[PDB]
Amino acid sequence: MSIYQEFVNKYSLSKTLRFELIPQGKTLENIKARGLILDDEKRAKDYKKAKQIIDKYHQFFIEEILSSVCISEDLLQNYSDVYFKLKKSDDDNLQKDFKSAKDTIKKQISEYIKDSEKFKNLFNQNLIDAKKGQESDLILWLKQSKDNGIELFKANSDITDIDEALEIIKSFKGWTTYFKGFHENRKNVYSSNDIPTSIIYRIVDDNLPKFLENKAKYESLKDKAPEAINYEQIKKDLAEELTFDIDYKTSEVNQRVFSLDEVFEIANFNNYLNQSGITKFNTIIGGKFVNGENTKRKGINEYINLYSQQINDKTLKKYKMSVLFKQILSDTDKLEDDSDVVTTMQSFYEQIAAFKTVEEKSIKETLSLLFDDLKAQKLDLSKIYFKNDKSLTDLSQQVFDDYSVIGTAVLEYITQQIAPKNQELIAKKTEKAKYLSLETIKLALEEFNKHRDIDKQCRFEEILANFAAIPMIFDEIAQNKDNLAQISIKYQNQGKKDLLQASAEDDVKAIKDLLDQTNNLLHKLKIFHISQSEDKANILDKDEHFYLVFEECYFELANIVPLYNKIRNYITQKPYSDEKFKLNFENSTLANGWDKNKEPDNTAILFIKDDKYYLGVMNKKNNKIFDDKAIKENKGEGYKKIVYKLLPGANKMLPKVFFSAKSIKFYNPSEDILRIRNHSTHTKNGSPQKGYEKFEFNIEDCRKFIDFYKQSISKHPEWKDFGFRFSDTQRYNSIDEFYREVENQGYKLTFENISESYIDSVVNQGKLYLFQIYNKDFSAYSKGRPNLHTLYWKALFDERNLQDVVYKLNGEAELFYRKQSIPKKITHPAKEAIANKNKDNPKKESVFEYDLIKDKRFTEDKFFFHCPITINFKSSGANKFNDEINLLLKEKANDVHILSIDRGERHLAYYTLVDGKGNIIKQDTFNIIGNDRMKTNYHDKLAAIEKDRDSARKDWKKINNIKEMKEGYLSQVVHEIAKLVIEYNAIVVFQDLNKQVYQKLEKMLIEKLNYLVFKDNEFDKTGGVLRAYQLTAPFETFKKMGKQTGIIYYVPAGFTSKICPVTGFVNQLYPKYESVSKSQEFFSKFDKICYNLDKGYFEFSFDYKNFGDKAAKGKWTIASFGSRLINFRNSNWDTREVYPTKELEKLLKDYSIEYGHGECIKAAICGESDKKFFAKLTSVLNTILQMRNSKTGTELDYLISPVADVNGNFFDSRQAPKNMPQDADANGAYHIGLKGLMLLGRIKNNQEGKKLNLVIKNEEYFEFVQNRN
RNA sequence: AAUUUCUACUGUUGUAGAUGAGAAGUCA
DNA sequence: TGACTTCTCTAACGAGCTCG
DNA sequence: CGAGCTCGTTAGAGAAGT
């Protein structure tokens, strides 16, 4: 229905804060007097260091509930029992009831969890916090380590020792709740909530199965020699770790020897099966790497793996030697510096100057022995398994001349070696399996010559020989130490202050691969990287050839994969950085309480000077500048003091302040009602107090017991002033039905008067801290539209915004301000030559008066004071917004349009606003998109941004900016989809998208289509700056998008980039003619072919029955009318010419083909059984209809109609009409929405099917375009 | 060649489209 | 390789607690 | 030494899409 105004105001969630505040008035000169803001955004060694330094009372006791932790041994048997009730009974009885039993086990350990002595007053306000006798518990436990010597002091970071503990006692001392922010999310994430994101997934979630891994699953391991793992063999001299203290079922009191079952009992978890030692199974199950004497006591490694390898039992692979996993919630840079950002990565290989590998050899023995082993067929057919993904499959391109030819052995080597009836198992078994089996690998690599000539074979160990040549990069890499050593040579100071600019290009090219040459060796070694077997049993041979000798470097080469930013994200970074302390107005109330009674203590009250906001928090000691007795006398007209009182939610604070005991007689409550709150009698999920008896939501008792609360609300002692005129008592059904005015009035606002010297001589003496917070986009000379963070942040705290409900203030400020880095300089002063770098700026010069003074904002200490002005803040959510959108916008289909903002190669996008009959509306490409006062050009402006080698067009700039430009370049396409989407009521489905920056803002233009607030509409119209039409749903975690996610829909996300715009000819039936008789069978599969008596060339004829091409059958006759553009290498010849009509006689004369004879010469073509005579009949078909050519290469996007029309129209993108696509890039989405432009059947026929048919079938999207007749 | 920020900047002491802030774990 | 986390956006009320 | 005292806790809704 044109529902950009129909779906108005769905449900609202907050923005963030737009002010950057300059010390307006003399307040900037005032705080420089008392020195407050110098150590406010500069307390930043305390409030963000003790909150990490509070592990030693917040993880040591967060661990120490294990040392007194104890589950029942019956449950310890029931862990093997009821867990085995699920683990051996795959069913919800012992599984889900056992999950209820695990939930009971979550109550099992959990009852002892909330009852610690010091662990019941640590996550509260006396923990480090102050009581009269309540000292720092971490102050105690650290002070107990103060004489004691806990090594967390002087251990992790930023704490030299407990001598810093005065600041560990001060950084929460002044910041009372302001060393105390961290005690909210980090003291409930360990709650009883049944997520593994808690202790319940790492304390026992890795401990319930962990003891079952050694007992219920490790029980069958003792079939050979449990004493073969020598208990006396391990008890010779290195049994210091075996002095176990308590037994689980035993409970012995001595540091004595725990046996492999003596510790390993299923209820024997006195030193195992818990969270505090969850990997320490490997403390036995590995052994003892005795580095104090330089030894390695092979225990569970030397026995369970060593004798387990010494036996070599493949059926005995039910139990090996291993270690447990890691617990949860444990207590266990730059590439832009000029002295440290490279030389600190220079030790990553620089340690190996006399280094060694983990194969018990030196650095020369590491590559020559650990990397020189499995290349000779050292991996078995059933013993070695290379990583079977495309991350190793690209080595097929690197070493076999085709990653798509090397992967053919999934039909041949292990596949056709196994399945001669080629089965959907290849999508998951080995092809979709994460390991490439050496039976298909060693033998199928040798078996590569099955189809082609004899040169088309390979060596199955030959890729290991291809892996074998890896070593020689490091010899010149030692010589490559001067690569960064040119620009790094001035490394006297640690803080060298020159990183990436072109004045020091000796390091910039030289560090670009000087150790970064090994970065593709990981991308080449990707068939040796481990794969986390989540849902993968992975029964294969343990190919530990890269795991024992190569295992010193397979994990030892980890400095590359985690280093994708570390040494190469400070060149691609920025030159003047934007990080500084967030400072607080003299309390945890530092901007906290911004509401109509907090003014004494909430610390922050506004000010609007009759032109715009500039508002100050009162001074530190004399905190009664706006004190209400002195507020009465000093009334006047120079400042602003707003009167804005608020209220929290209508169940969390309504019967929590108007039912409290000090006013319980002061309100005089009722006992016939008081039975309801004594049990949660109104509570649909309620309860009484501690000692109340839980009952249901007795709404009859509720509707009056809540209705009596409105009568108690009638006695508003302080909250009477709101006039929260609620509805009838029969109406408000739930507690939220009575909570349906808890925020339906409870935020009321007004403004006051204040003397010009009242604020002034108050401020001149120092009453306020005078912050005058005002920016570019709302200054005096500003004349355009106002910005985003300045077009509400003084346009909702304003006279229209208090009339209806638009968006209040919220809490959450900070007075953030901090240092500056770039020492300033005039970049090009006004009255100079400022040449205009934009494209169509005809004024080719520029001389200002007031300069374009380069890099203004990052020059010196600004402010920052941002307050989460929670817009849309008088409405609740939209459950099934898509069910709203598909409900509502699936109710006005006739006015419905469909923009289909697809993707492209050489254009930017192609906003092909497709229409109801299927014609394009405005296929408006997007390469250079700007305004009426300029076009800001990108489509070659980015192409101008790139096109520079060194290092091969991959350096930090075109990496950074040539990506960051698209990071700019998305924005206007928002507004283009913004303007266009309700420009005709169209659903703009940038279709199914799951790239790295064309999906990486494919929901960065989908979290800005949730309400249009656009800088020039009618400022109360449904569509303008206050009362929006709600477009999307929210956006959290990128894979969640899925199908019908608001506006960013899903269309057929493949097989729509070489489409056929007239019929969609099946351009997959295209042979190679390697099998000549196979191509002769393809010639036999050639249905019927005659020379161009009307077609003007040769031809080819074959339907879907002729191939295995089961879409349909028909003599469509893709013909020989069009021309041909020819690809090539640069050098060969990247552009080439071709003729579709040509090659018709050129084959008929190469053979004896009567090309003018006019008969089934495909039989002669199949009779033409030459090696080239057959093979050349395919390459002419190889360009038989593939009409999308480079219009020169590229230079154009010449499409060609591979099959003609009913009037013979083979429509061609070189000269296409308006109602067809455009080119190679800008016409590349024009079918990709055209596939999604038929999905409105499921929109316009949406039924009670709760999951709509948003899954796409390419035969349907084939059949839909083919069904255009 | 200037912005709370960021990219594009002349649209000249700012124009233009845009921006959720901070928390705070992590798997890549 | 960037997501996947997930919650912080509140003022009155009884505390403690030095006052009055 | 009741003045109430300034801060720290304290209070508990139903929400909702392979």
# chains A, B, ... in the order shown; residues from 1 in each chain; ligands from 1
$ residues_around --residues "segment 3-20 of chain C" --least-positions-apart "5" --cutoff "7 Å" --atoms "only C-alpha atoms (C1' of nucleotides)" --output "JSON, numbers by chain"
{"A": [647, 648, 657, 810, 811, 812, 868, 1037], "B": [23, 25, 26, 27], "D": [3, 5]}
$ write_last_selection --atoms "N, CA and C atoms (P, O5', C5', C4', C3', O3' and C1' of nucleotides)" --output "PDB file, in the first residue's frame"
ATOM      1  N   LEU A 647      11.423   7.438  35.225  1.00  0.00           N
ATOM      2  CA  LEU A 647      11.152   6.281  36.068  1.00  0.00           C
ATOM      3  C   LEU A 647      11.610   4.994  35.383  1.00  0.00           C
ATOM      4  N   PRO A 648      12.079   4.000  36.139  1.00  0.00           N
ATOM      5  CA  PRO A 648      12.389   2.691  35.543  1.00  0.00           C
ATOM      6  C   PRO A 648      11.141   1.896  35.179  1.00  0.00           C
ATOM      7  N   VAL A 657       8.957   0.486  45.051  1.00  0.00           N
ATOM      8  CA  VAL A 657       9.042   1.757  45.748  1.00  0.00           C
ATOM      9  C   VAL A 657       7.721   2.187  46.349  1.00  0.00           C
ATOM     10  N   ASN A 810      18.591   9.022  28.249  1.00  0.00           N
ATOM     11  CA  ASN A 810      18.805   7.827  29.027  1.00  0.00           C
ATOM     12  C   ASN A 810      19.956   8.189  29.915  1.00  0.00           C
ATOM     13  N   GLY A 811      20.476   7.240  30.642  1.00  0.00           N
ATOM     14  CA  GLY A 811      21.622   7.505  31.484  1.00  0.00           C
ATOM     15  C   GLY A 811      22.880   7.538  30.655  1.00  0.00           C
ATOM     16  N   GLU A 812      23.954   6.991  31.212  1.00  0.00           N
ATOM     17  CA  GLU A 812      25.127   6.611  30.434  1.00  0.00           C
ATOM     18  C   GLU A 812      25.804   7.775  29.701  1.00  0.00           C
ATOM     19  N   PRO A 868      22.975   7.859  25.717  1.00  0.00           N
ATOM     20  CA  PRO A 868      22.282   6.943  24.819  1.00  0.00           C
ATOM     21  C   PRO A 868      20.829   7.277  24.673  1.00  0.00           C
ATOM     22  N   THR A1037      24.523 -10.679  14.685  1.00  0.00           N
ATOM     23  CA  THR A1037      25.572 -11.659  14.430  1.00  0.00           C
ATOM     24  C   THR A1037      25.339 -12.267  13.057  1.00  0.00           C
TER      25      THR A1037
ATOM     26  P     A B  23      34.989   0.857  26.620  1.00  0.00           P
ATOM     27  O5'   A B  23      34.546  -0.559  26.066  1.00  0.00           O
ATOM     28  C5'   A B  23      34.472  -1.684  26.919  1.00  0.00           C
ATOM     29  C4'   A B  23      33.262  -1.638  27.803  1.00  0.00           C
ATOM     30  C3'   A B  23      33.039  -2.838  28.682  1.00  0.00           C
ATOM     31  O3'   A B  23      33.838  -2.769  29.833  1.00  0.00           O
ATOM     32  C1'   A B  23      30.988  -2.070  27.763  1.00  0.00           C
ATOM     33  P     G B  25      36.445  -9.560  29.624  1.00  0.00           P
ATOM     34  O5'   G B  25      37.036 -10.161  28.280  1.00  0.00           O
ATOM     35  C5'   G B  25      37.323 -11.539  28.167  1.00  0.00           C
ATOM     36  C4'   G B  25      36.064 -12.332  27.974  1.00  0.00           C
ATOM     37  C3'   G B  25      36.188 -13.548  27.079  1.00  0.00           C
ATOM     38  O3'   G B  25      36.675 -14.661  27.819  1.00  0.00           O
ATOM     39  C1'   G B  25      34.252 -12.282  26.510  1.00  0.00           C
ATOM     40  P     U B  26      37.066 -16.068  27.143  1.00  0.00           P
ATOM     41  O5'   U B  26      37.527 -15.715  25.669  1.00  0.00           O
ATOM     42  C5'   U B  26      37.426 -16.694  24.650  1.00  0.00           C
ATOM     43  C4'   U B  26      36.445 -16.263  23.599  1.00  0.00           C
ATOM     44  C3'   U B  26      36.681 -16.832  22.213  1.00  0.00           C
ATOM     45  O3'   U B  26      36.137 -18.136  22.045  1.00  0.00           O
ATOM     46  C1'   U B  26      36.362 -14.484  22.079  1.00  0.00           C
ATOM     47  P     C B  27      37.045 -19.454  22.262  1.00  0.00           P
ATOM     48  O5'   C B  27      37.419 -19.947  20.794  1.00  0.00           O
ATOM     49  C5'   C B  27      36.476 -20.636  19.985  1.00  0.00           C
ATOM     50  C4'   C B  27      36.006 -19.751  18.866  1.00  0.00           C
ATOM     51  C3'   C B  27      36.667 -19.946  17.509  1.00  0.00           C
ATOM     52  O3'   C B  27      36.172 -21.028  16.742  1.00  0.00           O
ATOM     53  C1'   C B  27      36.675 -17.664  18.049  1.00  0.00           C
TER      54        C B  27
ATOM     55  P    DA D   3      14.392  12.586  65.021  1.00  0.00           P
ATOM     56  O5'  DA D   3      15.606  13.284  64.264  1.00  0.00           O
ATOM     57  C5'  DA D   3      16.207  14.430  64.843  1.00  0.00           C
ATOM     58  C4'  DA D   3      17.279  14.971  63.938  1.00  0.00           C
ATOM     59  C3'  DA D   3      16.972  14.819  62.469  1.00  0.00           C
ATOM     60  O3'  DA D   3      16.129  15.847  61.991  1.00  0.00           O
ATOM     61  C1'  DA D   3      19.158  14.064  62.874  1.00  0.00           C
ATOM     62  P    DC D   5      19.967  14.022  58.613  1.00  0.00           P
ATOM     63  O5'  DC D   5      21.074  13.611  57.562  1.00  0.00           O
ATOM     64  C5'  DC D   5      22.357  13.334  58.032  1.00  0.00           C
ATOM     65  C4'  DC D   5      22.775  11.936  57.663  1.00  0.00           C
ATOM     66  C3'  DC D   5      23.420  11.822  56.314  1.00  0.00           C
ATOM     67  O3'  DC D   5      24.759  12.236  56.373  1.00  0.00           O
ATOM     68  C1'  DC D   5      21.839  10.115  56.540  1.00  0.00           C
TER      69       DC D   5
END
$ interface_residues --of "chain D" --to "chain A" --cutoff "8 Å" --atoms "only C-alpha atoms (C1' of nucleotides)" --output "list in words"
residues 8, 9, 11, 12, 13, 14, 16, 17 and 18 of chain D
$ residues_around --residues "residue 969 of chain A" --least-positions-apart "5" --cutoff "9 Å" --atoms "only C-alpha atoms (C1' of nucleotides)" --output "PyMOL selection string"
(chain A and resi 929+938+964) or (chain B and resi 7-8)
$ write_last_selection --atoms "N, CA and C atoms (P, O5', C5', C4', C3', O3' and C1' of nucleotides)" --output "PDB file, in the first residue's frame"
ATOM      1  N   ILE A 929      28.875   8.112  -7.788  1.00  0.00           N
ATOM      2  CA  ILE A 929      27.581   8.528  -7.250  1.00  0.00           C
ATOM      3  C   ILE A 929      27.798   9.716  -6.325  1.00  0.00           C
ATOM      4  N   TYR A 938      33.747   7.027  -8.299  1.00  0.00           N
ATOM      5  CA  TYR A 938      34.437   5.897  -7.714  1.00  0.00           C
ATOM      6  C   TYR A 938      34.752   4.780  -8.690  1.00  0.00           C
ATOM      7  N   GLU A 964      39.065   0.714   2.019  1.00  0.00           N
ATOM      8  CA  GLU A 964      38.358   1.672   2.869  1.00  0.00           C
ATOM      9  C   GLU A 964      37.503   2.621   2.050  1.00  0.00           C
TER      10      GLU A 964
ATOM     11  P     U B   7      39.918   8.148   7.773  1.00  0.00           P
ATOM     12  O5'   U B   7      39.098   8.180   6.411  1.00  0.00           O
ATOM     13  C5'   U B   7      39.027   7.018   5.618  1.00  0.00           C
ATOM     14  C4'   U B   7      37.945   7.082   4.575  1.00  0.00           C
ATOM     15  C3'   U B   7      37.992   8.194   3.549  1.00  0.00           C
ATOM     16  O3'   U B   7      39.004   8.042   2.566  1.00  0.00           O
ATOM     17  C1'   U B   7      35.754   7.680   4.142  1.00  0.00           C
ATOM     18  P     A B   8      39.599   9.322   1.795  1.00  0.00           P
ATOM     19  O5'   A B   8      38.393   9.887   0.926  1.00  0.00           O
ATOM     20  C5'   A B   8      37.969   9.222  -0.243  1.00  0.00           C
ATOM     21  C4'   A B   8      36.653   9.758  -0.741  1.00  0.00           C
ATOM     22  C3'   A B   8      36.660  11.166  -1.293  1.00  0.00           C
ATOM     23  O3'   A B   8      37.151  11.238  -2.607  1.00  0.00           O
ATOM     24  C1'   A B   8      34.836  10.927   0.147  1.00  0.00           C
TER      25        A B   8
END
$ closest_atom_pairs --of "chain A" --to "chain B" --cutoff "6 Å" --atoms "only C-alpha atoms (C1' of nucleotides)" --output "Markdown table"
| residue | atom | partner | partner_atom | distance |
| --- | --- | --- | --- | --- |
| A:15 | CA | B:20 | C1' | 4.8 |
| A:16 | CA | B:21 | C1' | 4.2 |
| A:19 | CA | B:4 | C1' | 5.8 |
| A:20 | CA | B:4 | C1' | 4.3 |
| A:850 | CA | B:13 | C1' | 5.8 |
| A:852 | CA | B:2 | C1' | 4.8 |
| A:853 | CA | B:2 | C1' | 5.1 |
| A:854 | CA | B:2 | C1' | 5.8 |
| A:856 | CA | B:2 | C1' | 5.4 |
| A:968 | CA | B:7 | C1' | 4.4 |
| A:971 | CA | B:18 | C1' | 6.0 |
| A:972 | CA | B:17 | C1' | 5.1 |
$ residues_around --residues "residue 344 of chain A" --least-positions-apart "3" --cutoff "10 Å" --atoms "only C-alpha atoms (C1' of nucleotides)" --output "number ranges by chain"
A: 333-335, 339-341, 347-348, 350, 567
$ atom_distance --atom1 "atom CA of residue 612 of chain A" --atom2 "atom CA of residue 817 of chain A"
21.0 Å
$ residues_around --residues "segment 507-515 of chain A" --least-positions-apart "2" --cutoff "10 Å" --atoms "only C-alpha atoms (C1' of nucleotides)" --output "PyMOL selection string"
chain A and resi 342+345-346+348-349+473-474+476-489+499-505+517-519+560+567-568+571+950-951+954-956
$ select_by_dssp --residues "segment 622-766 of chain A" --states "strand (DSSP E or B)" --output "NGL selection string"
:A and (637 or 642-646 or 747-751 or 754)
$ closest_atom_pairs --of "chain A" --to "chain C" --cutoff "10 Å" --atoms "only C-alpha atoms (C1' of nucleotides)" --output "JSON lines"
{"residue": "A:14", "atom": "CA", "partner": "C:9", "partner_atom": "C1'", "distance": 8.5}
{"residue": "A:16", "atom": "CA", "partner": "C:9", "partner_atom": "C1'", "distance": 9.8}
{"residue": "A:131", "atom": "CA", "partner": "C:16", "partner_atom": "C1'", "distance": 9.3}
{"residue": "A:132", "atom": "CA", "partner": "C:16", "partner_atom": "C1'", "distance": 8.9}
{"residue": "A:181", "atom": "CA", "partner": "C:8", "partner_atom": "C1'", "distance": 8.7}
{"residue": "A:182", "atom": "CA", "partner": "C:8", "partner_atom": "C1'", "distance": 9.9}
{"residue": "A:184", "atom": "CA", "partner": "C:8", "partner_atom": "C1'", "distance": 8.1}
{"residue": "A:185", "atom": "CA", "partner": "C:7", "partner_atom": "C1'", "distance": 7.0}
{"residue": "A:189", "atom": "CA", "partner": "C:6", "partner_atom": "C1'", "distance": 8.5}
{"residue": "A:197", "atom": "CA", "partner": "C:5", "partner_atom": "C1'", "distance": 8.6}
{"residue": "A:561", "atom": "CA", "partner": "C:1", "partner_atom": "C1'", "distance": 7.6}
{"residue": "A:562", "atom": "CA", "partner": "C:1", "partner_atom": "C1'", "distance": 7.6}
{"residue": "A:563", "atom": "CA", "partner": "C:1", "partner_atom": "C1'", "distance": 9.2}
{"residue": "A:564", "atom": "CA", "partner": "C:1", "partner_atom": "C1'", "distance": 6.9}
{"residue": "A:565", "atom": "CA", "partner": "C:1", "partner_atom": "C1'", "distance": 9.0}
{"residue": "A:592", "atom": "CA", "partner": "C:9", "partner_atom": "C1'", "distance": 9.6}
{"residue": "A:593", "atom": "CA", "partner": "C:10", "partner_atom": "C1'", "distance": 8.5}
{"residue": "A:595", "atom": "CA", "partner": "C:11", "partner_atom": "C1'", "distance": 8.3}
{"residue": "A:596", "atom": "CA", "partner": "C:11", "partner_atom": "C1'", "distance": 9.2}
{"residue": "A:597", "atom": "CA", "partner": "C:11", "partner_atom": "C1'", "distance": 8.0}
{"residue": "A:598", "atom": "CA", "partner": "C:11", "partner_atom": "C1'", "distance": 7.9}
{"residue": "A:602", "atom": "CA", "partner": "C:11", "partner_atom": "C1'", "distance": 9.9}
{"residue": "A:645", "atom": "CA", "partner": "C:11", "partner_atom": "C1'", "distance": 9.2}
{"residue": "A:646", "atom": "CA", "partner": "C:11", "partner_atom": "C1'", "distance": 7.7}
{"residue": "A:647", "atom": "CA", "partner": "C:11", "partner_atom": "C1'", "distance": 6.4}
{"residue": "A:648", "atom": "CA", "partner": "C:10", "partner_atom": "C1'", "distance": 4.9}
{"residue": "A:649", "atom": "CA", "partner": "C:10", "partner_atom": "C1'", "distance": 8.2}
{"residue": "A:652", "atom": "CA", "partner": "C:10", "partner_atom": "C1'", "distance": 9.5}
{"residue": "A:653", "atom": "CA", "partner": "C:10", "partner_atom": "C1'", "distance": 8.4}
{"residue": "A:656", "atom": "CA", "partner": "C:12", "partner_atom": "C1'", "distance": 8.6}
{"residue": "A:657", "atom": "CA", "partner": "C:12", "partner_atom": "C1'", "distance": 6.0}
{"residue": "A:658", "atom": "CA", "partner": "C:12", "partner_atom": "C1'", "distance": 9.1}
{"residue": "A:660", "atom": "CA", "partner": "C:13", "partner_atom": "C1'", "distance": 7.4}
{"residue": "A:661", "atom": "CA", "partner": "C:14", "partner_atom": "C1'", "distance": 8.6}
{"residue": "A:662", "atom": "CA", "partner": "C:14", "partner_atom": "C1'", "distance": 7.7}
{"residue": "A:663", "atom": "CA", "partner": "C:13", "partner_atom": "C1'", "distance": 9.4}
{"residue": "A:718", "atom": "CA", "partner": "C:12", "partner_atom": "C1'", "distance": 9.7}
{"residue": "A:809", "atom": "CA", "partner": "C:9", "partner_atom": "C1'", "distance": 8.9}
{"residue": "A:810", "atom": "CA", "partner": "C:9", "partner_atom": "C1'", "distance": 5.4}
{"residue": "A:811", "atom": "CA", "partner": "C:9", "partner_atom": "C1'", "distance": 5.0}
{"residue": "A:812", "atom": "CA", "partner": "C:9", "partner_atom": "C1'", "distance": 5.5}
{"residue": "A:813", "atom": "CA", "partner": "C:9", "partner_atom": "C1'", "distance": 9.0}
{"residue": "A:867", "atom": "CA", "partner": "C:9", "partner_atom": "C1'", "distance": 8.2}
{"residue": "A:868", "atom": "CA", "partner": "C:9", "partner_atom": "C1'", "distance": 6.1}
{"residue": "A:869", "atom": "CA", "partner": "C:9", "partner_atom": "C1'", "distance": 8.3}
{"residue": "A:870", "atom": "CA", "partner": "C:9", "partner_atom": "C1'", "distance": 7.7}
{"residue": "A:1000", "atom": "CA", "partner": "C:2", "partner_atom": "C1'", "distance": 9.4}
{"residue": "A:1036", "atom": "CA", "partner": "C:4", "partner_atom": "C1'", "distance": 9.6}
{"residue": "A:1037", "atom": "CA", "partner": "C:4", "partner_atom": "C1'", "distance": 6.7}
{"residue": "A:1038", "atom": "CA", "partner": "C:3", "partner_atom": "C1'", "distance": 7.3}
{"residue": "A:1039", "atom": "CA", "partner": "C:3", "partner_atom": "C1'", "distance": 8.6}
$ write_last_selection --atoms "C-alpha atoms" --output "mmCIF file, in the first residue's frame"
data_model
loop_
_atom_site.group_PDB
_atom_site.id
_atom_site.type_symbol
_atom_site.label_atom_id
_atom_site.label_comp_id
_atom_site.auth_asym_id
_atom_site.auth_seq_id
_atom_site.Cartn_x
_atom_site.Cartn_y
_atom_site.Cartn_z
ATOM 1 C CA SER A 14 18.697 3.178 21.223
ATOM 2 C CA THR A 16 24.410 6.658 20.795
ATOM 3 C CA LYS A 131 32.030 -2.164 54.522
ATOM 4 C CA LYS A 132 32.389 -1.163 58.165
ATOM 5 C CA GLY A 181 31.467 -1.498 36.848
ATOM 6 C CA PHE A 182 32.803 -4.958 36.084
ATOM 7 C CA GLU A 184 27.581 -6.839 36.628
ATOM 8 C CA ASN A 185 28.139 -8.985 33.541
ATOM 9 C CA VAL A 189 27.632 -15.049 33.419
ATOM 10 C CA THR A 197 28.826 -19.864 28.118
ATOM 11 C CA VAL A 561 47.587 -17.123 10.829
ATOM 12 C CA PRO A 562 47.019 -15.078 13.991
ATOM 13 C CA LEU A 563 49.247 -12.379 12.515
ATOM 14 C CA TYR A 564 46.773 -11.136 9.881
ATOM 15 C CA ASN A 565 46.732 -7.778 11.657
ATOM 16 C CA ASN A 592 25.173 8.979 35.758
ATOM 17 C CA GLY A 593 21.982 10.481 37.168
ATOM 18 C CA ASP A 595 16.893 12.946 36.198
ATOM 19 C CA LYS A 596 14.628 15.120 38.227
ATOM 20 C CA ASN A 597 15.878 14.322 41.741
ATOM 21 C CA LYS A 598 19.428 13.174 41.147
ATOM 22 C CA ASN A 602 23.458 12.039 40.041
ATOM 23 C CA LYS A 645 12.278 13.388 35.911
ATOM 24 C CA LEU A 646 12.056 9.751 34.839
ATOM 25 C CA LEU A 647 11.152 6.281 36.068
ATOM 26 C CA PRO A 648 12.389 2.691 35.543
ATOM 27 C CA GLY A 649 10.205 -0.179 34.338
ATOM 28 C CA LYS A 652 10.960 -3.651 38.404
ATOM 29 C CA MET A 653 10.282 -0.395 40.263
ATOM 30 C CA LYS A 656 9.408 -1.858 44.689
ATOM 31 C CA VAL A 657 9.042 1.757 45.748
ATOM 32 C CA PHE A 658 5.289 2.049 46.347
ATOM 33 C CA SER A 660 8.300 -0.589 50.505
ATOM 34 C CA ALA A 661 8.147 -0.918 54.268
ATOM 35 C CA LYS A 662 8.946 2.661 55.339
ATOM 36 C CA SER A 663 5.900 3.741 53.334
ATOM 37 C CA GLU A 718 6.928 12.364 44.961
ATOM 38 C CA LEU A 809 17.342 10.842 27.340
ATOM 39 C CA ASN A 810 18.805 7.827 29.027
ATOM 40 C CA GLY A 811 21.622 7.505 31.484
ATOM 41 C CA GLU A 812 25.127 6.611 30.434
ATOM 42 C CA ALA A 813 27.351 9.564 29.823
ATOM 43 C CA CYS A 867 24.286 9.867 26.106
ATOM 44 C CA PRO A 868 22.282 6.943 24.819
ATOM 45 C CA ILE A 869 19.251 8.795 23.701
ATOM 46 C CA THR A 870 17.119 5.699 23.404
ATOM 47 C CA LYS A 1000 30.616 -6.883 4.947
ATOM 48 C CA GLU A 1036 23.490 -8.817 15.928
ATOM 49 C CA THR A 1037 25.572 -11.659 14.430
ATOM 50 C CA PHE A 1038 25.984 -11.784 10.669
ATOM 51 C CA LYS A 1039 24.971 -15.386 9.927
#
$ residues_around --residues "residue 730 of chain A" --least-positions-apart "5" --cutoff "9 Å" --atoms "only C-alpha atoms (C1' of nucleotides)" --output "list in words"
residues 703, 704 and 707 of chain A
$ write_last_selection --atoms "N, CA and C atoms" --output "CSV table (one decimal), in the first residue's frame"
chain,number,residue,atom,x,y,z
A,703,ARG,N,-6.0,-8.1,38.6
A,703,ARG,CA,-6.7,-6.9,38.0
A,703,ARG,C,-7.1,-5.9,39.0
A,704,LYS,N,-7.5,-6.4,40.2
A,704,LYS,CA,-7.7,-5.5,41.4
A,704,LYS,C,-6.5,-5.2,42.2
A,707,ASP,N,-4.9,-3.0,40.2
A,707,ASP,CA,-5.7,-1.8,40.2
A,707,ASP,C,-5.7,-1.1,41.5
